[PDB]
Structure formats: structure tokens, C-alpha cells
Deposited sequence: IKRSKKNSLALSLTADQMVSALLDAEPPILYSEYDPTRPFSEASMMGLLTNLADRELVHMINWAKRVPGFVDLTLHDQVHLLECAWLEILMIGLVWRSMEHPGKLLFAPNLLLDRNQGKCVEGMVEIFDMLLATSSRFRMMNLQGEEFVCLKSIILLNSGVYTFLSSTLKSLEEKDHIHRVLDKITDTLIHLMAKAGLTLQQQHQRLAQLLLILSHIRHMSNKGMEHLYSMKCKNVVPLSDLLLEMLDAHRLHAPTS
């Protein structure tokens, strides 16, 4: 209910303050990359990011109003999407590269170290280039990331209406941000559409990433944390 009462600027401020920290990887430059060592770094990073994502999710307006059952299920469905849009966001100012961590900046040729990962890198890079082409704002980014959290699992379920009202509220917030940016009324709904259509591609990358991660697990390439194993099992 508190979410529904917030203004658009209160929505923005809340989401901005709730932002997770940028973590470093356990990258060791004294040893060369292997398929296993590369997957190790990425999944180790993802595991630690997940803990901060959970704290972030609870600070997303309206999310704490849900049952534990619903919270778990939304996070299980959206976690890789959320990791990816964050990655794509912080890679914007690094054309042709992916900033997994400040001490882990990789190009697509380094993605070839892991079997079948370069295809995922290419999609991530293209998404990053798309955001850069649209000049995505930070305030828009945190709106999109919260949308992903609330939407990706909303249909694989009265509480449903609550989520939808919060989603409509974020829609209002996006429009307000665009109007505040000086975009015409036509440009506003056009850009809103452009941004939301990207979420369909983020969904796509996540599903492919889930398959790839599951493949690396079933081939014993990398030991996954019990948390990651649980998040993965939710999609299988």
C-alpha cells in the first residue's frame, strides 16, 4: 500500500537508494584462463551478487507486501534477468566489452574460453549497445529492473492485482521521467515501448543462459553454490 501512495519522484528516489553495490570478482591474474576457471569466476561473482539482490528486492516498493512464497518465486524466476540487465547497464560505457566487475572486463574473444558462452556474450553486448544507442538513464534502468522482478514470474502463479498496481505505478514513473526529460507525448509512449520490448530479449538471454549454466553443471565444469543450485533447479 505504501508503494501505491508514493509519488513518481518518491518511487525514483526509493529505487535509486535501494541499488546494490558493485562487487569485485576473485580474479587471479597469475594463472591463465581455462573453461573451468572462467566459469568459476563468473558463478562465484553471481553467487555473491545474489545475496545483495535479495536485500535490494526487499527494498523494491510493494515487494515486501507479498508472502514469502511469492517473494521466493519471483526471485527464482527473475534472478538471472536481473544479473544480466545490471551487467548490460554497467557495460554501456565500455563498447564491445562486458564489465562483470571493475577488475573483470571481458571482450567476446575471451568469452570463447567457455564452450557456447560467446553466443550469450554477443547478445549481452548487443543489448548493451542498444541501451547506449537509446541513451538509457539510470532512473529508467532501476525502473526496468524492478519491472523484471515483479513481472517475470507474475503469471506462473488478489495478490496478483497488487503486483499489477505496483507495475502500473512504475509505468507512471517511467512516463513521468520521460516527460520530465522533455520528450513529446508521442515520444513518451514510443520510448516506453522500446524499453519494454528490450525486456523480451533479456528474458531470451536469461533462458539461454540458464540452459548454458545447467549444461556446465551437468558436465561438472564448475561446482555451483547450494544457492545457485537451488535457483537453477527452479527452472528445471
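Gaps in the model relative to the deposited sequence occur at 1-7, 165-172, 252-257, listed in sequence order.
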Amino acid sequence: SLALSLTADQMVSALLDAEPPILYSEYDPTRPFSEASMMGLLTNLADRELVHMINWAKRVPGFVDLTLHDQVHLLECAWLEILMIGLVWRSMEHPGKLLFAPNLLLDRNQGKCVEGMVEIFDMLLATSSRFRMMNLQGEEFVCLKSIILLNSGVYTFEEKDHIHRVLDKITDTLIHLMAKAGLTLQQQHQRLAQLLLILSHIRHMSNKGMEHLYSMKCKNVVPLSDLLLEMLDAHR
From here on, numbers count along this sequence of modelled residues.
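Whichever C-alpha set is largest while still superposing within 1.5 Å between the two forms counts as the rigid core.
Looking at 73-81 and 158-166, the one farther from the shown form in 4 other deposited structures of this protein by average CA distance, after a rigid core fit, turns out to be 158-166.
Superposition on the core shows that, in 4 other deposited structures of this protein, the C-alpha atoms drift more in one of 23-31 and 195-203; this is 23-31. Compared with other PDB entries of the same protein, residue 222 is missing from at least a third of those that resolve the residues around it.
According to the PDB record, 104-112 carries the higher mean C-alpha B-factor of the two stretches 104-112 and 135-143.
Here 114-122 and 71-79 are compared by their mean Cα B-factor, and 114-122 comes out higher. In this structure the maximum Cα B-factor among 130, 90, 164, 97 is found at 164. Looking only at 168, 47, 211, 28, the residue with the top Cα B factor in the deposited structure is 28.
Remark: residue 64 belongs to the highest third of its chain, ranked by C-alpha B-factor as recorded. For residue 203, the recorded CA B-factor ranks within the lowest third of the chain. Only modelled residues enter the ranking. Looking at the C-alpha B-factors along this chain, the one for residue 52 belongs to the middle third. In the PDB entry, residue 192 places in the lowest third of its chain by CA B-factor. For residue 174, the recorded CA B-factor ranks within the lowest third of the chain. Only modelled residues enter the ranking.
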